[PDB]
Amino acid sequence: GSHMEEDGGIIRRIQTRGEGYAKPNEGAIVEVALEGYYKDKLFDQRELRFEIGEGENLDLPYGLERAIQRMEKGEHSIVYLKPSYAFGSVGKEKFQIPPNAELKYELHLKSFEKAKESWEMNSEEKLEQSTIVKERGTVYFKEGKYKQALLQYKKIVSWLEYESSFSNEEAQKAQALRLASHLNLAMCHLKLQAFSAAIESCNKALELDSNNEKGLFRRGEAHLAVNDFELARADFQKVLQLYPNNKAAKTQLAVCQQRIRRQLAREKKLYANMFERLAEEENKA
């Protein structure tokens, strides 16, 4: 209803109670004035302009973001974070904080602008809003912030989900966005070594284009990545069938072959010995 199960985990004193009426939802971009003290040592001070949900990639405590989502425009305040909401049982070496450590934060929420929520938008806006984010994602990607890209790309899939009320002309657009969203996701995970997830994105992707070259391709890689040659061979082998001029498909496939030959060779040698041995164990009579 607007209560708090966190039980005093995040408490904030409001000095300078700014321009009331506001409050930022999650996905919202926001400008903040930091000032975090350990037992009371100013270790973090800056004027960040981040998107609620990525504080983690910016050395900001879980409770710190949560706390902002409760603030007003231009309002200043001070947040107290119990260890479980600060940097918990890991601390923050970068600031030399130990596991289990309370924190003090004096924040100034200058400006911000909420982020649409599935309902807030209509068919049109969704495709627009989705197309805008797809962009940010790609930026964070080349910019190298893999974790921050997953976040953008995901909104796309979440937005164009239950919203089915499309005019076919819009449905073909929505789907085209969903597909791209998935190939991208599978592309980030790949960079994060999250192969399992890479593979599940490739699938969601392939449902939309069972013959997608980047799809069949990226999955094939995530398999080989986890020493799953048979499956990797399948996808690559299959990619050339569709895209013979494909360079990597041809090189990777070959690699699966190499791995599968040694593998068979090893087991064959293994079953051979397993035999002799058994035979000898039998000769005892």
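Position 1 is the first residue in the sequence shown; the rest follow in order.
In this entry, the higher average B-factor at the C-alpha atoms falls on 106-114, of the pair 106-114 and 205-213. For the pair 139-147 and 165-173, the record assigns the higher mean C-alpha temperature factor to 165-173. Each of 182, 189, 82, 155 has a CA temperature factor in the record; the biggest one is found at 82.
Per the PDB record, 23 has a higher Cα B-factor than any other of 262, 23, 277, 269.
In this PDB entry, the Cα temperature factor of residue 193 sits in the middle third of its chain's modelled residues. Residue-level temperature factors show residue 247 in the highest third of its chain, judged at the C-alpha atom.
Sorting the modelled residues of the chain by their CA temperature factor places residue 45 in the highest third. When the CA B factors of the chain's modelled residues are split into thirds, the value for residue 53 lands in the middle one. Residue 37 sits in the highest third of its chain by CA B factor, as recorded in the PDB entry.
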